[PDB]
Amino acid sequence: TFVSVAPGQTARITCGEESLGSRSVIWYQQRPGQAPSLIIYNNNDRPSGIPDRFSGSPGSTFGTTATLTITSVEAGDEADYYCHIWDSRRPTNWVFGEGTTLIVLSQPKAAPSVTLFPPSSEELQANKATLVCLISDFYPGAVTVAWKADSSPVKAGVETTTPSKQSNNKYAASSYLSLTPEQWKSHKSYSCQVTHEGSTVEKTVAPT
Amino acid sequence: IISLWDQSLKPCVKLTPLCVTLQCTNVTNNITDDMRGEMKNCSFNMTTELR
Ligand SMILES: *[C@@H]1O[C@H](CO)[C@@H](O[C@@H]2O[C@H](CO)[C@@H](O[C@@H]3O[C@H](CO[C@H]4O[C@H](CO)[C@@H](O)[C@H](O)[C@@H]4O)[C@@H](O)[C@H](O[C@H]4O[C@H](CO)[C@@H](O)[C@H](O)[C@@H]4O)[C@@H]3O)[C@H](O)[C@H]2NC(C)=O)[C@H](O)[C@H]1NC(C)=O
Ligand SMILES: *[C@@H]1O[C@H](CO)[C@@H](O[C@@H]2O[C@H](CO)[C@@H](O)[C@H](O)[C@H]2NC(C)=O)[C@H](O)[C@H]1NC(C)=O
Ligand SMILES: *[C@@H]1O[C@H](CO)[C@@H](O)[C@H](O)[C@H]1NC(C)=O
């Protein structure tokens, strides 16, 4: 589940089943690729290091749900949010509340950095070929990559990771292509064509 | 006080068909085994506006 908020506005996030008794709900902000950081306990009591921006619902209300109020949303707050529910009426939950991804909107645009790498020489004597296109710092992660044999598309061997955000608006995607030793020398020059959001950028390489 | 007591209940509603068998469970909670559960939640068959 995803929440998209304009910059500088206030976000809200919904966690868990409806309340049954007076509760004590914990709020966690897990950033992509990192560990969960404790944000709020006692339903509104935030520890050291957390600004008074983040809020919640006091666990004194029955029938309503657990709400997280992010005031003045900033870019860093892009993360997954979990919550641990302690209802006086329901047994101790060991399955954390299901996630809710915050998405600040209009970062707005990042042009990818495509870094094409030929196979390494030690790999060449080892009888294996591999092409390493490396796409960094792009937004958003909607990149689709094709490969060209001097003028012609390549069908098989194509390997490509997923656009992966990393503690920053920047994304990341690799692109490997397994090739036979005889064909890196046979063809003229190989092409990595990375397509992002509507802009295609292509990097080629030629053998020595 | 007794006379007034019965006189106040003479025109009110009699529960003579409320002796139907009941099917009960303990109440909705994280039971603390010590407390037996002071209330019970029960389904039963009741007659409607039609016999
Ligand atoms: C004492 O015991 C009685 C049993 O007779 C309890 O009464 C039942 O209470 C439960 C709640 O615990 C009721 O279950 C709920 O029913 C709601 C109504 O369902 C209608 O709508 C759905 C579609 O929306 C239809 O499928 C259905 O046929 C009905 O037409 C549902 O909306 C509820 O769903 C919610 O809870 C589930 C729990 O898993 C969630 O997954 C859902 O997403 C949703 O949030 C729920 O199913 C039941 O209907 C009651 N029955 C009667 C006869 O009253 C008392 O609650 C209980 N009281 C105490 C104090 O113990
Ligand atoms: C209340 O009435 C229900 C029907 O509304 C009855 O359910 C019957 O239960 C018996 C088992 O005791 C089954 O053999 C029958 O098939 C059920 N349906 C009938 C008889 O139509 C039941 O008698 C009552 N249940 C209670 C009091 O919990
Ligand atoms: C209800 O409470 C009694 C109290 O003695 C307990 O023994 C029993 O297990 C309970 N039944 C339930 C929770 O279904």
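Those protein sequence lines, which keep their order, are chains L and G.
Mind the numbering: the first sequence is residues 8 to 9, 11 to 67, 67A to 67C, 68 to 95, 95A to 95C, 96 to 210 in the entry's author numbering, read in order.
Mind the numbering: the second sequence is residues 108 to 141, 150 to 166 in the entry's author numbering, read in order.
Backbone N, C-alpha and C fix where the C-beta goes; we use that ideal spot for every residue, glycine too.
At least one CB atom of chain G sits nearer than 8 Å to the CB of residue 95 (chain L).
Between residue 181 (chain L) and residue 131 (chain L) the beta-carbon gap is near 4 Å, inside 8 Å, which marks them as a contact. Linking residue 208 (chain L) to residue 201 (chain L) through their CA atoms gives a straight-line distance of about 24 Å. One alpha carbon belongs to residue 113 (chain L), the other to residue 192 (chain L), and they sit about 22 Å apart. Burial check for residue 107 (chain L): the Cβ neighbour count within 10 Å stays below 16, so the residue is exposed.
Straight across, the Cα-Cα distance linking residue 30 (chain L) with residue 143 (chain L) is about 42 Å. At a cut-off of 8 Å, the C-beta of residue 132 (chain G) has no neighbouring C-beta in chain L.
For the set L:194, L:139, L:94, the Cα lying nearest the Cα of residue 111 (chain L) is the one of L:139. In this structure, residue 135 (chain L) and residue 116 (chain L) form a Cβ contact; the two beta carbons are roughly 6 Å apart against a cut-off of 8 Å.
The set of residues with a C-beta under 7 Å from any non-hydrogen atom of ligand 3 comprises G:132, G:133, G:138, G:151, G:152, given in chain order. The segment 111-156 of chain L contains, as complete alpha helix (DSSP H) runs of 4+ residues, the segments 123-127 (chain order). Per DSSP, reduced to three states, the secondary structure at residue 140 (chain G) is coil, with no helix or strand assignment. Selection L:186, L:93, L:99, L:8 evaluated against residue 67B (chain L) yields L:93 as nearest (Cα-Cα).
Residue 173 (chain L) and residue 123 (chain L) have their alpha carbons spaced roughly 29 Å apart. Within the segment 109-139 of chain G, the residues whose Cβ lies closer than 7 Å to some Cβ of chain L are 135, 136, 137, listed in chain order.
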